[PDB]
């Protein structure tokens, strides 16, 4: 269970961490968990008022993607919701040709 106080054995990373901004003053850990009930319970859920932000971390990646676009630009109690990859910041090093 809770082993490795200092560190432990190599574990998975948190690349699937979605950042939620512009959160309403009526948002709680509950609302969040329910908001992402379609993509399963987020591994990590933290909501800060003083700053007005919420960090969510899903298990898989496919979910974060579907929810990243779906939730992205979604109305919440009248307020707006900004969803942007916390770990990934417009970092696309490639050039796929198409047309």
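Numbering starts at 1 and runs along the chain as it is shown here.
Just so you know, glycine gets a Cβ as well, placed from its N, Cα and C.
Annotated cloning artifact per the PDB entry: 1-7 (among others), in sequence order.
According to the PDB entry, the feature cloning artifact maps to 94-99 (among others). DSSP assignment over the cloning artifact (94-99) gives 0 helix, 0 strand, 6 coil.
According to DSSP, residue 38 (SUMO2 cross-link) sits in a coil region rather than a helix or strand. The SUMO2 cross-link annotation in Swiss-Prot covers 38 (among others).
The local packing around residue 41 (SUMO2 cross-link), expressed as other Cβ atoms within 10 Å of its Cβ over all shown chains, amounts to 12. Sequence annotations record features per position, and here Swiss-Prot assigns SUMO2 cross-link to 41 (among others).
Sequence annotations record features per position, and here Swiss-Prot assigns SUMO2 cross-link to 68 (among others). In the three-state DSSP scheme, residue 68 (SUMO2 cross-link) falls into the helix class.
If you look up Swiss-Prot, you'll see 16-83 marked as domain 'RRM 1'. With DSSP classes pooled into helix, strand and coil, the tally for the domain 'RRM 1' (16-83) is 17 helix, 19 strand, 32 coil.
Swiss-Prot lists 89 with the feature phosphoserine, giving similarity to another entry as the kind of evidence. In the three-state DSSP reading, residue 89 (phosphoserine) counts as coil.
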Densest Cβ neighbourhood among 38, 68 (recorded sites), 10 Å radius: 68
Rounded Cα distance in angstrom between residue 89 (phosphoserine) and residue 38 (SUMO2 cross-link) is 25
Taking DSSP H, G, I as helix and E, B as strand, the cloning artifact (1-7) contains 0 helix, 0 strand, 7 coil
